[PDB]
6 protein chains.
Amino acid sequence: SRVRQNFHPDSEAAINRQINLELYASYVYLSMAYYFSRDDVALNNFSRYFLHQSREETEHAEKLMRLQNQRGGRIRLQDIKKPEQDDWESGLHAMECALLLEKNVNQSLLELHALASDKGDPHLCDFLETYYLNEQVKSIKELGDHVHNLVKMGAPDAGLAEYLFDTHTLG
Amino acid sequence: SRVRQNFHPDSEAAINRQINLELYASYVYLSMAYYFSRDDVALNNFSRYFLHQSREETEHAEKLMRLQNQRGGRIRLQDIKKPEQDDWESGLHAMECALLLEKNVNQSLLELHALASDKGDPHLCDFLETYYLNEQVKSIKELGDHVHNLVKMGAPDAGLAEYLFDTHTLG
Amino acid sequence: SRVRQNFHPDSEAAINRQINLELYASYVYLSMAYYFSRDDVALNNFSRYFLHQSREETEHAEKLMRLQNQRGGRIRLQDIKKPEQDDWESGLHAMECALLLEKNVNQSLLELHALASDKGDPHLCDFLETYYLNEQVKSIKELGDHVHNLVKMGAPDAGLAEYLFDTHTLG
Amino acid sequence: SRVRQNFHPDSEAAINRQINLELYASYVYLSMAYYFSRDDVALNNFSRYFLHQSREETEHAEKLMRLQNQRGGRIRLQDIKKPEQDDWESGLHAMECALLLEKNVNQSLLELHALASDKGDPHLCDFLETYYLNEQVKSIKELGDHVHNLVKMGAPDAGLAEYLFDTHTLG
Amino acid sequence: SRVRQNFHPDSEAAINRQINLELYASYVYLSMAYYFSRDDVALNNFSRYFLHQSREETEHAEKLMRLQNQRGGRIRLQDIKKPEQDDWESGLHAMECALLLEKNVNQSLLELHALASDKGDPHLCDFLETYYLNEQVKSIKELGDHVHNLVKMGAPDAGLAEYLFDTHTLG
Amino acid sequence: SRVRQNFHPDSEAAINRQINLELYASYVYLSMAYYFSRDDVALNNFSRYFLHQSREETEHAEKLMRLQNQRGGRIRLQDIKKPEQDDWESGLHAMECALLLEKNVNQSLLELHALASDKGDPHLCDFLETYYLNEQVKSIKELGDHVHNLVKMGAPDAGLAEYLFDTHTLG
Ligand SMILES: [Au+]
Ligand SMILES: [Au+]
Ligand SMILES: [Au+]
Ligand SMILES: [Au+]
Ligand SMILES: [Au+]
Ligand SMILES: [Au+]
Ligand SMILES: [Au+]
Ligand SMILES: [Au+]
Ligand SMILES: [Au+]
Ligand SMILES: [Au+]
Ligand SMILES: [Au+]
Ligand SMILES: [Au+]
Ligand SMILES: [Mg+2]
Ligand SMILES: [Mg+2]
Ligand SMILES: [Mg+2]
Ligand SMILES: [Mg+2]
Ligand SMILES: [Mg+2]
Ligand SMILES: [Mg+2]
């Protein structure tokens, strides 16, 4: 390749893997998004909240796909695995799963950054530090906030709790 | 379910399958989209054209997911299969694959409409007739147009052809 | 904690210490700010200059407090020590003390960054690199500039010098 | 001093003390402010409410610092003591501590006014009467209101109570 | 020096060298810029494209000169070497030389970043990561794109190719 | 060449030389520009004044490069020599060097005009008369003015002088 400079094949692989992980999380949030528009769940702000997260994660993937073409790498796509559940059980459960999901995305991204360090790709280091490492910290903190309020409010057994969180926090 | 009326389990299954098919085509077009921003391909309008198609197909899926929740069905998601290639070979080849893809989407949708007919779901009939059956005819005709010009122009061997089509038709 | 990931207790402590250091510098600049509105000093631009620095440093502290809550840490506040003097002696002396102060803030921040490196917190690395390491370089260079002109002009013995610097540079 | 007229050294000392007290309350409210942005508390309006109080109290200090320079006195700053807690326990507890804090600020200010009376400083009397004595009465009444509603609503055991007060009163 | 902190003489030298390298590339692009306004070449968009690159590289140098004065270093300037050719041969050849040039600039900058790492200058690390390491990746990818299209189009023997690239891509 | 008419090879050479001279003066002024943003010099208007002169001289070069391509000549570039000093000593010294520099540029340009006269290039005569001969007279007179005031004010020993000239003339 005529553009490739200082781009280690293992970083290339790392990125391709990370692209799949970001697509997977977009799918998980799309699943949740339409879980909440169910007639027997019907929390439309939860539904809009997770649909926005989903499209946000698709943007994450595209940046990485864009990073692979910028550096000289070759995007190699894999199947996008279906989420662990179609029935996300409750607004609380969906927030806890979202929280657990993003800490794993964070892990993988922390692992990616580390590979880039051992390979002397400062550009890739700066890439993850700039667009991912802090997006994740805010996502994880925000999700943490949401998890905490819904527990303190009494979700999901308190019939009022998820309905109020929907209308007042996510509105 | 308290919303379900005149909604046959086989239509439900049909829809869930169709949702996966629409996600698959969105993925195929995303793959092509980033194929053309490669430094050794670098047809940015082809890349923008297929990225728009991709997001358009994601919208297709969401409507169907929305249709499933409206009728009383239960969205059951499957893995999203990786496309047949990561190297779409040329602007012409990518248009021919896109054309072949959409005729299959069309087939499945024609098959879905037929199931809905034999099951007496006029609502589902009208759904596909309204948002899908003609979107497909226009997609297939448009793709057909593109395929024809690029052949007539001499793609991909004519070095000028794909570059001009990029700048003048897809610009 | 449910948000904490890859956040070493020594980094937590480092941050809590740094928060106090940033509050301390805000206090030092508040002291200077009101030193210059004295009727027997009466350099109102010096006074406005240092009052702006003070509020700027309070902002520094808040970001760090915000960083501690984002990562899962626990803000643990300490007394805010009074400055070394209430009588900052002259506009020159106050600039030299400000310069010496910020090089220490810089030291501590350089030390903090180093801890984060040895602990594999790339997020915290990027945090300090983004909002602190360069703010400090500009502060130190700006203060350096000010120190130099006031010396070259003859502060504080030249009765004209501090009065002109006040009206022409800090105006 | 050439500006000093009718300004008793004990009033000067009183003011310097009061300046420290006003800085202390600003710090207490800053602590609370970031207590509520904790991921395991996450009441963002409580957090904004107390952060505004904090900056309001910093303004209190500055006026007094400004009063000292106007009259001929000499600002003599002391350490700013850390608050009694870093864990403000609940929105209710934080309001009760805020209420108790401001009644003490009020006490000290009432004591200051009294000193000024026995010393024949009508200017200082008018100063406190104009910018402090009523600011305090409104703060104390407002805090009283807040305390009462949160008790009546069932804070902190009622999971709904603090969450609703956050969104509906402090929003 | 009174501003210098944590600034290693070898980093200083590195920067001074890098400043010359950035001036050299500005000169190379100025040469190309006026190569294309030749009456026997006359590709005015190529000429405008390279003249913009040139001024962009002068900006690169100035930032580094600004970085040297900010940190306490001393700008030490060297001769600016004439480019390797005055006759850049063709639009394709000029793009290939530009591509090769920027990968070297990139190399030097990657080497500079590495020096800064071994010297514990995180500020200088962040400087290059922020304003240079990615500017280079985009330049190299963009130049790569251009190189590829002009080859695929048949430059320079195809009389149409450079003329169309001029009017349609660089217009 | 098909555009060349009445264009003597010695004029061509003259122009190529003059182009280098104009690049040299641009470099000298860039050096001065960043000399004054030094933390131990810190005359920001001097710095802006000389940075504007530098870009102005780059424009001079480009016109001559443009003149060479217009007439049929061939731009042949040489190394751009580093200036005589990196330490311009004082605002006065920098103005005196600038003054001496421009009288030499003027000399060379007067010499160029003379060559054009003996060669019967009235176009080149008119070129220099129109864009250079008077730009130089104004530059030299302006620089002369500046030199005179700074001497009369007492530069560089008078600590006030350069600082006031910076803020009041060059502001
Ligand atoms: Au789970
Ligand atoms: Au790295
Ligand atoms: Au195919
Ligand atoms: Au039907
Ligand atoms: Au000192
Ligand atoms: Au790190
Ligand atoms: Au209490
Ligand atoms: Au009184
Ligand atoms: Au070459
Ligand atoms: Au570093
Ligand atoms: Au000289
Ligand atoms: Au002539
Ligand atoms: Mg993500
Ligand atoms: Mg479709
Ligand atoms: Mg600070
Ligand atoms: Mg108060
Ligand atoms: Mg550059
Ligand atoms: Mg000139």
# chains A, B, ... in the order shown; residues from 1 in each chain; ligands from 1

call {"tool": "interface_residues", "arguments": {"of": "chain A", "to": "chain C", "cutoff": "7 Å", "atoms": "only C-alpha atoms", "output": "number ranges by chain"}}
result
A: 129, 133-134, 137-138, 140-141, 144

call {"tool": "calpha_fit_and_write", "arguments": {"fixed": "chain F", "moving": "chain D", "output": "mmCIF file with C-alpha atoms, in the first residue's frame"}}
result
data_model
loop_
_atom_site.group_PDB
_atom_site.id
_atom_site.type_symbol
_atom_site.label_atom_id
_atom_site.label_comp_id
_atom_site.auth_asym_id
_atom_site.auth_seq_id
_atom_site.Cartn_x
_atom_site.Cartn_y
_atom_site.Cartn_z
ATOM 1 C CA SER D 1 8.641 28.700 -26.060
ATOM 2 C CA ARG D 2 5.416 29.882 -27.680
ATOM 3 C CA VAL D 3 4.653 32.776 -25.292
ATOM 4 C CA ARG D 4 8.132 34.307 -25.081
ATOM 5 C CA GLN D 5 8.539 37.665 -26.839
ATOM 6 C CA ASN D 6 11.194 40.330 -26.193
ATOM 7 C CA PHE D 7 12.401 38.570 -23.009
ATOM 8 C CA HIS D 8 16.162 38.538 -22.636
ATOM 9 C CA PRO D 9 17.825 35.568 -20.845
ATOM 10 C CA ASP D 10 19.665 38.024 -18.598
ATOM 11 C CA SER D 11 16.329 39.522 -17.490
ATOM 12 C CA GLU D 12 15.141 35.958 -16.855
ATOM 13 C CA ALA D 13 18.183 35.324 -14.670
ATOM 14 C CA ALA D 14 17.725 38.707 -12.964
ATOM 15 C CA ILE D 15 14.154 37.770 -12.064
ATOM 16 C CA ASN D 16 15.123 34.332 -10.732
ATOM 17 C CA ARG D 17 17.761 36.015 -8.553
ATOM 18 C CA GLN D 18 15.252 38.655 -7.421
ATOM 19 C CA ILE D 19 12.795 35.912 -6.495
ATOM 20 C CA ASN D 20 15.377 34.460 -4.139
ATOM 21 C CA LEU D 21 16.115 37.876 -2.674
ATOM 22 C CA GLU D 22 12.407 38.400 -1.988
ATOM 23 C CA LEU D 23 12.160 34.981 -0.318
ATOM 24 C CA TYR D 24 15.244 35.844 1.778
ATOM 25 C CA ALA D 25 13.643 39.032 3.075
ATOM 26 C CA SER D 26 10.427 37.172 3.896
ATOM 27 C CA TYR D 27 12.541 34.754 5.983
ATOM 28 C CA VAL D 28 14.403 37.588 7.748
ATOM 29 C CA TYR D 29 11.092 39.163 8.758
ATOM 30 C CA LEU D 30 9.694 35.793 9.877
ATOM 31 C CA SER D 31 12.755 35.405 12.094
ATOM 32 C CA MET D 32 12.256 38.843 13.625
ATOM 33 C CA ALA D 33 8.526 38.155 13.990
ATOM 34 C CA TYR D 34 9.168 35.217 16.283
ATOM 35 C CA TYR D 35 12.086 36.998 17.936
ATOM 36 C CA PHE D 36 9.656 39.446 19.495
ATOM 37 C CA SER D 37 7.253 36.798 20.844
ATOM 38 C CA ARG D 38 10.139 35.530 23.001
ATOM 39 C CA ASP D 39 9.286 35.513 26.705
ATOM 40 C CA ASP D 40 12.425 37.636 27.332
ATOM 41 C CA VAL D 41 11.515 40.244 24.648
ATOM 42 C CA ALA D 42 7.712 40.031 24.493
ATOM 43 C CA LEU D 43 6.813 42.992 22.235
ATOM 44 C CA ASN D 44 3.745 41.525 20.569
ATOM 45 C CA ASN D 45 3.109 44.417 18.179
ATOM 46 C CA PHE D 46 6.700 44.344 16.963
ATOM 47 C CA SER D 47 6.085 40.632 16.460
ATOM 48 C CA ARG D 48 2.843 41.240 14.525
ATOM 49 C CA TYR D 49 4.445 44.095 12.573
ATOM 50 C CA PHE D 50 7.305 41.944 11.289
ATOM 51 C CA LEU D 51 5.098 38.932 10.637
ATOM 52 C CA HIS D 52 2.968 41.100 8.351
ATOM 53 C CA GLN D 53 6.099 42.355 6.575
ATOM 54 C CA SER D 54 7.191 38.770 6.078
ATOM 55 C CA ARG D 55 3.941 37.718 4.376
ATOM 56 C CA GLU D 56 4.048 40.905 2.351
ATOM 57 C CA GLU D 57 7.486 39.917 1.043
ATOM 58 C CA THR D 58 6.252 36.414 0.194
ATOM 59 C CA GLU D 59 3.668 38.166 -1.956
ATOM 60 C CA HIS D 60 6.536 40.078 -3.610
ATOM 61 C CA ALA D 61 8.194 36.781 -4.558
ATOM 62 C CA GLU D 62 4.983 35.290 -5.926
ATOM 63 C CA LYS D 63 4.379 38.263 -8.247
ATOM 64 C CA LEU D 64 7.895 37.777 -9.616
ATOM 65 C CA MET D 65 7.329 34.040 -9.969
ATOM 66 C CA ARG D 66 4.077 34.968 -11.699
ATOM 67 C CA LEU D 67 5.979 37.424 -13.917
ATOM 68 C CA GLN D 68 8.418 34.701 -14.960
ATOM 69 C CA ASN D 69 5.648 32.327 -16.044
ATOM 70 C CA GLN D 70 3.807 35.118 -17.835
ATOM 71 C CA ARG D 71 6.784 36.137 -19.997
ATOM 72 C CA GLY D 72 7.972 32.671 -21.045
ATOM 73 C CA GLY D 73 10.812 32.336 -18.543
ATOM 74 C CA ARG D 74 11.592 29.355 -16.353
ATOM 75 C CA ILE D 75 11.544 29.733 -12.561
ATOM 76 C CA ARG D 76 14.799 28.318 -11.209
ATOM 77 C CA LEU D 77 14.791 28.327 -7.411
ATOM 78 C CA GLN D 78 17.825 28.460 -5.103
ATOM 79 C CA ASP D 79 18.327 27.759 -1.387
ATOM 80 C CA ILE D 80 16.791 30.362 0.918
ATOM 81 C CA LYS D 81 19.637 31.511 3.163
ATOM 82 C CA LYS D 82 19.091 31.751 6.931
ATOM 83 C CA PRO D 83 19.209 35.308 8.308
ATOM 84 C CA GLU D 84 22.348 36.840 9.784
ATOM 85 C CA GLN D 85 21.043 36.545 13.362
ATOM 86 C CA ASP D 86 18.481 34.657 15.420
ATOM 87 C CA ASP D 87 18.813 37.236 18.266
ATOM 88 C CA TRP D 88 17.685 40.576 16.872
ATOM 89 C CA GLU D 89 18.906 42.282 20.110
ATOM 90 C CA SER D 90 16.203 44.953 20.488
ATOM 91 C CA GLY D 91 13.241 46.537 18.760
ATOM 92 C CA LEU D 92 15.550 49.341 17.597
ATOM 93 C CA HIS D 93 18.193 46.966 16.260
ATOM 94 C CA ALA D 94 15.528 44.998 14.411
ATOM 95 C CA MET D 95 14.221 48.174 12.780
ATOM 96 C CA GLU D 96 17.725 49.236 11.741
ATOM 97 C CA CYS D 97 18.386 45.817 10.237
ATOM 98 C CA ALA D 98 15.005 45.923 8.471
ATOM 99 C CA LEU D 99 15.878 49.388 7.127
ATOM 100 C CA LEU D 100 19.283 48.227 5.875
ATOM 101 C CA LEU D 101 17.696 45.117 4.352
ATOM 102 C CA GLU D 102 15.126 47.045 2.334
ATOM 103 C CA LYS D 103 17.654 49.490 0.918
ATOM 104 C CA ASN D 104 19.494 46.445 -0.472
ATOM 105 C CA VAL D 105 16.300 44.944 -1.909
ATOM 106 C CA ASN D 106 15.831 48.427 -3.379
ATOM 107 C CA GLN D 107 19.379 48.397 -4.788
ATOM 108 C CA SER D 108 18.872 45.010 -6.448
ATOM 109 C CA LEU D 109 15.512 46.151 -7.822
ATOM 110 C CA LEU D 110 17.097 49.389 -9.083
ATOM 111 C CA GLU D 111 19.775 47.225 -10.683
ATOM 112 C CA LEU D 112 17.065 44.982 -12.197
ATOM 113 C CA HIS D 113 15.212 47.941 -13.660
ATOM 114 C CA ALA D 114 18.462 49.120 -15.218
ATOM 115 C CA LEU D 115 19.098 45.768 -16.879
ATOM 116 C CA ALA D 116 15.558 45.853 -18.292
ATOM 117 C CA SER D 117 16.273 49.347 -19.680
ATOM 118 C CA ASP D 118 19.438 48.269 -21.465
ATOM 119 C CA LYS D 119 17.551 45.263 -22.881
ATOM 120 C CA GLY D 120 14.500 47.112 -24.179
ATOM 121 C CA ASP D 121 11.907 45.291 -22.038
ATOM 122 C CA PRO D 122 9.434 48.127 -21.389
ATOM 123 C CA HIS D 123 6.968 45.635 -19.925
ATOM 124 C CA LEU D 124 9.460 44.560 -17.266
ATOM 125 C CA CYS D 125 10.340 48.239 -16.668
ATOM 126 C CA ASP D 126 6.689 49.005 -16.084
ATOM 127 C CA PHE D 127 6.361 45.901 -13.902
ATOM 128 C CA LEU D 128 9.050 47.016 -11.429
ATOM 129 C CA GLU D 129 7.997 50.687 -11.572
ATOM 130 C CA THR D 130 4.400 49.646 -10.746
ATOM 131 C CA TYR D 131 4.676 47.041 -7.989
ATOM 132 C CA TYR D 132 8.168 47.356 -6.507
ATOM 133 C CA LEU D 133 9.967 50.678 -6.907
ATOM 134 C CA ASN D 134 7.412 52.610 -4.837
ATOM 135 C CA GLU D 135 6.554 49.814 -2.410
ATOM 136 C CA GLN D 136 10.228 50.006 -1.514
ATOM 137 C CA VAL D 137 10.271 53.796 -1.107
ATOM 138 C CA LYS D 138 7.342 53.583 1.289
ATOM 139 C CA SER D 139 8.844 50.654 3.183
ATOM 140 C CA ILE D 140 12.189 52.481 3.488
ATOM 141 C CA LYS D 141 10.534 55.746 4.586
ATOM 142 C CA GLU D 142 8.283 53.951 7.075
ATOM 143 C CA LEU D 143 11.225 52.007 8.520
ATOM 144 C CA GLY D 144 13.168 55.265 8.590
ATOM 145 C CA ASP D 145 10.362 56.885 10.618
ATOM 146 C CA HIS D 146 10.329 53.989 13.080
ATOM 147 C CA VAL D 147 14.139 54.047 13.439
ATOM 148 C CA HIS D 148 14.040 57.761 14.191
ATOM 149 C CA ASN D 149 11.353 57.700 16.874
ATOM 150 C CA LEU D 150 12.962 54.792 18.725
ATOM 151 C CA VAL D 151 16.300 56.609 18.778
ATOM 152 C CA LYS D 152 14.708 59.859 19.895
ATOM 153 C CA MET D 153 12.755 57.961 22.580
ATOM 154 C CA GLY D 154 15.978 56.343 23.902
ATOM 155 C CA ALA D 155 15.851 52.690 22.707
ATOM 156 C CA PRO D 156 16.943 50.232 23.813
ATOM 157 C CA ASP D 157 18.332 51.469 27.126
ATOM 158 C CA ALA D 158 15.259 53.490 28.111
ATOM 159 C CA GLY D 159 13.081 50.703 29.479
ATOM 160 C CA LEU D 160 9.958 52.643 28.598
ATOM 161 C CA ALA D 161 10.808 53.414 25.002
ATOM 162 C CA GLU D 162 10.351 50.141 23.118
ATOM 163 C CA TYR D 163 7.358 49.238 25.279
ATOM 164 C CA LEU D 164 5.591 52.485 24.420
ATOM 165 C CA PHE D 165 6.458 52.386 20.721
ATOM 166 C CA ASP D 166 5.036 48.864 20.675
ATOM 167 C CA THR D 167 1.740 49.869 22.259
ATOM 168 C CA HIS D 168 1.227 53.307 20.630
ATOM 169 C CA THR D 169 2.757 53.274 17.129
ATOM 170 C CA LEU D 170 2.540 49.592 16.167
ATOM 171 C CA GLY D 171 -0.810 49.092 17.939
#

call {"tool": "select_by_dssp", "arguments": {"residues": "stretch 48-159 of chain A", "states": "alpha helix (DSSP H)", "output": "ChimeraX atom specification"}}
result
/A:48-71,91-118,122-131,133-153,159

call {"tool": "decode", "arguments": {"residues": "stretch 14-71 of chain E", "atoms": "C-alpha atoms", "output": "mmCIF file, in the first residue's frame"}}
result
data_model
loop_
_atom_site.group_PDB
_atom_site.id
_atom_site.type_symbol
_atom_site.label_atom_id
_atom_site.label_comp_id
_atom_site.auth_asym_id
_atom_site.auth_seq_id
_atom_site.Cartn_x
_atom_site.Cartn_y
_atom_site.Cartn_z
ATOM 1 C CA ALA E 14 14.253 18.302 17.365
ATOM 2 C CA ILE E 15 11.790 21.184 17.081
ATOM 3 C CA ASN E 16 14.305 23.500 15.394
ATOM 4 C CA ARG E 17 15.029 20.733 12.871
ATOM 5 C CA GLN E 18 11.299 20.104 12.377
ATOM 6 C CA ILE E 19 10.763 23.811 11.757
ATOM 7 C CA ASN E 20 13.223 23.639 8.885
ATOM 8 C CA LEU E 21 11.565 20.519 7.514
ATOM 9 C CA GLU E 22 8.189 22.278 7.553
ATOM 10 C CA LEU E 23 9.662 25.301 5.758
ATOM 11 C CA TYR E 24 11.230 22.939 3.186
ATOM 12 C CA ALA E 25 7.875 21.348 2.395
ATOM 13 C CA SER E 26 6.244 24.770 2.070
ATOM 14 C CA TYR E 27 8.940 25.638 -0.508
ATOM 15 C CA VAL E 28 8.457 22.360 -2.415
ATOM 16 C CA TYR E 29 4.729 23.053 -2.705
ATOM 17 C CA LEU E 30 5.361 26.670 -3.746
ATOM 18 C CA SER E 31 7.612 25.346 -6.506
ATOM 19 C CA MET E 32 4.946 22.928 -7.713
ATOM 20 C CA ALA E 33 2.312 25.667 -7.427
ATOM 21 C CA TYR E 34 4.100 27.822 -9.968
ATOM 22 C CA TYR E 35 5.087 24.783 -12.021
ATOM 23 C CA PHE E 36 1.453 24.288 -12.960
ATOM 24 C CA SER E 37 0.827 27.912 -13.999
ATOM 25 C CA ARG E 38 3.457 27.403 -16.720
ATOM 26 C CA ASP E 39 2.110 28.129 -20.199
ATOM 27 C CA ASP E 40 3.262 24.623 -21.265
ATOM 28 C CA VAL E 41 1.523 22.869 -18.310
ATOM 29 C CA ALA E 42 -1.348 25.232 -17.473
ATOM 30 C CA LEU E 43 -3.361 23.210 -14.917
ATOM 31 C CA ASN E 44 -4.645 26.078 -12.805
ATOM 32 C CA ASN E 45 -6.385 23.952 -10.172
ATOM 33 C CA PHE E 46 -3.265 21.862 -9.643
ATOM 34 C CA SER E 47 -1.515 25.209 -9.256
ATOM 35 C CA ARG E 48 -4.088 26.475 -6.726
ATOM 36 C CA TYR E 49 -4.108 23.110 -4.936
ATOM 37 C CA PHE E 50 -0.354 23.130 -4.329
ATOM 38 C CA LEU E 51 -0.247 26.819 -3.462
ATOM 39 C CA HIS E 52 -2.775 26.151 -0.700
ATOM 40 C CA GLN E 53 -0.685 23.214 0.542
ATOM 41 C CA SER E 54 2.347 25.470 0.618
ATOM 42 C CA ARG E 55 0.684 28.105 2.822
ATOM 43 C CA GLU E 56 -0.701 25.330 4.978
ATOM 44 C CA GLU E 57 2.843 24.069 5.572
ATOM 45 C CA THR E 58 4.044 27.582 6.424
ATOM 46 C CA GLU E 59 1.371 27.524 9.112
ATOM 47 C CA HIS E 60 2.849 24.211 10.322
ATOM 48 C CA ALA E 61 6.248 25.880 10.753
ATOM 49 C CA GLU E 62 4.808 28.869 12.596
ATOM 50 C CA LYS E 63 3.035 26.662 15.160
ATOM 51 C CA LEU E 64 6.363 24.943 15.830
ATOM 52 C CA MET E 65 8.139 28.290 16.058
ATOM 53 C CA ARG E 66 5.334 29.313 18.408
ATOM 54 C CA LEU E 67 5.833 26.084 20.380
ATOM 55 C CA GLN E 68 9.538 26.827 20.795
ATOM 56 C CA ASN E 69 8.908 30.297 22.227
ATOM 57 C CA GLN E 70 6.159 28.984 24.487
ATOM 58 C CA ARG E 71 8.334 26.305 26.122
#
